[PDB]
Amino acid sequence: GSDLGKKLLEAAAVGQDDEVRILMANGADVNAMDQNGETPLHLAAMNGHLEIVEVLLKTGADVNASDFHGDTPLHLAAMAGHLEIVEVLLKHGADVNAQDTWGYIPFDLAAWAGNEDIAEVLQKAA
Amino acid sequence: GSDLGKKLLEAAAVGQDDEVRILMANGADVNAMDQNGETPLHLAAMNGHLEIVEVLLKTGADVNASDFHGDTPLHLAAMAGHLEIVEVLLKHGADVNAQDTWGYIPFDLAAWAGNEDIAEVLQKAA
Amino acid sequence: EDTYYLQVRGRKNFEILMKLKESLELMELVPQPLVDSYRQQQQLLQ
Amino acid sequence: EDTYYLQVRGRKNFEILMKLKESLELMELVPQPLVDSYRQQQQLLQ
Amino acid sequence: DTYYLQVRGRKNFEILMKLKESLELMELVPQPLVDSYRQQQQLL
Amino acid sequence: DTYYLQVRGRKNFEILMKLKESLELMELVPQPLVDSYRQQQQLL
Ligand SMILES: [Co+2]
Ligand SMILES: [Co+2]
């Protein structure tokens with residue numbers, strides 16, 4: 001771990017757009033990991049922080065970063081119901097065939113969750 | 001108990017208006033009691049069978065019949081949310097001060113239940 | 001009237017299950033006509 | 001990780017409580033990020 | 001003071017309806033009987 | 001397949017929300033782990 005990494009994880013998660021930009025410009029570890037393997041992109045994607053999601057992807061964030069359960073930002077966004085974020089992740093090459101260690105792809109979580117709009121985008125993107 | 005009484009309890013409960021009228025004309029026990037002390041009027045009041053409620057009251061039904069828990073038809077109707085039936089019972093002298101063996105009056109059950117329209121009629125009738 | 005035993009891991013799980021267990025056992029004291037009146041009211045709302 | 005014991009009267013009460021107990025204990029196997037993703041979805045619906 | 005709950009799963013709806021019912025109807029029970037009942041729970 | 005539940009009582013809403021959550025999220029758990037877990041319940 002790193003100090004700026006921990007601040008960036010926290011800023012990305014709670015949606016502090018400005019603090020995110022400050023931390024990035026200061027060389028904050030864009031692929032920092034919390035105790036579950038979550039990167040800033042996982043947390044922003046999960047918590048529906050679209051502006052922070054775009055910033056992170058433009059500043060070197062791994063779009064297909066895999067947490068300790070093999071979940072990618074696309075898994076979390078698709079499960080959470082954040083359609084706009086799902087689309088942005090797909091544009092930046094998010095892997096729709098990414099299986100977590102329970103064998104779920106993002107579509108599986110969207111479909112199970114009843115996020116029909118996202119399920120459809122992921123199937124069509126297969 | 002009585003045979004016609006049991007048929008009248010059942011008809012009043014499930015809302016067979018015609019079977020109720022047939023049974024009454026045949027001298028069915030209008031104050032018959034089921035195993036909880038319910039009369040046909042309790043059951044019709046409870047189950048929102050307004051036509052059967054009026055028929056019973058015109059044919060000698062005790063408006064303030066008390067079941068084994070001291071509940072009256074007004075208790076049940078007020079708890080169930082059957083406003084029209086509450087009003088008819090009140091017209092035929094239903095006792096708004098009737099306490100069941102747990103000390104509840106009809107208003108208490110209506111108010112607890114969130115049957116605000118009925119709660120208001122019962123308070124005003126106090 | 002038959003008695004069953006559950007084993008629960010975690011205080012917060014025990015608290016939740018004790019609350020529900022208490023509600024299910026206490027509900028049995030409520031005379032059926034009040035239970036059926038409540039169910040009529042539920043039927044009216046749904 | 002501490003273990004509590006409930007006593008339940010009535011088979012139907014045991015069945016209901018065993019179902020909920022199982023759901024609470026199995027839910028603990030679900031990685032927190034999937035739990036938090038689910039809670040985000042709940043927040044969106046309400 | 002009335003909140004609304006969304007449930008996917010007919011089975012899950014029925015379970016939650018049963019518990020809703022028990023949580024609500026238990027309020028009708030006189031405190032003395034609730035207190036009696038809780039003093040009894042000290043079994044374990 | 002989505003049903004709606006009405007709950008009077010903020011406390012009752014929170015309890016039913018917790019159980020809703022557990023009933024739904026338990027579906028994600030691989031059958032082998034569910035089966036393992038149920039074979040374990042034979043304790044009592
Ligand atoms: Co607690
Ligand atoms: Co059963």
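Both counts, for ligands and for their atoms, begin at 1 and track the order of listing. Reckoned from all heavy atoms, side chains included, excluding hydrogens, waters and symmetry mates. Sequence lines set the chain letters: A, B, ... in the order given, protein chains first and strands last, and positions in each chain run from 1.
- The existence of a salt bridge linking D:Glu15 and D:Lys19 is excluded, since no basic side-chain nitrogen approaches an acidic carboxylate oxygen closer than 4.0 Å.
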Derivation and outcome, side chain to side chain contact (heavy atoms under 4.5 Å, CB included), residues B:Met24 and B:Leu8: CA-CA 8 Å; B:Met24 304 281 260; B:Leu8 179 57; 4.0 Å; yes

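- Tally of protein N, O or S atoms closer to the Co ion (ligand 2) than 2.8 Å: 2.
- A:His49 and A:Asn47 share no side-chain donor-acceptor pair at under 3.5 Å.
- Salt-bridge formation is detected for the pair F:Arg8/E:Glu24: a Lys NZ or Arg NE/NH1/NH2 atom is positioned less than 4.0 Å from an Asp or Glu carboxylate oxygen.
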Please output the side-chain donor-acceptor pairs of residues 104-117 of chain A that fall under 3.5 Å, not counting sequence neighbours, one pair per line with the distance.
residue: A:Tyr104; atom: OH; partner: F:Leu28; partner atom: O; Å: 2.6
residue: A:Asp108; atom: OD2; partner: A:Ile105; partner atom: N; Å: 2.9
residue: A:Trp112; atom: NE1; partner: F:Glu27; partner atom: OE1; Å: 2.8
residue: A:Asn115; atom: OD1; partner: D:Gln41; partner atom: NE2; Å: 2.7
residue: A:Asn115; atom: ND2; partner: A:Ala78; partner atom: O; Å: 2.9
residue: A:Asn115; atom: ND2; partner: A:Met79; partner atom: O; Å: 3.0

Residues C:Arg39, C:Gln32; criterion side chain to side chain contact (heavy atoms under 4.5 Å, CB included); working and verdict: CA-CA 10 Å; C:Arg39 286 177 182 160; C:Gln32 192 62 46; 3.8 Å; yes

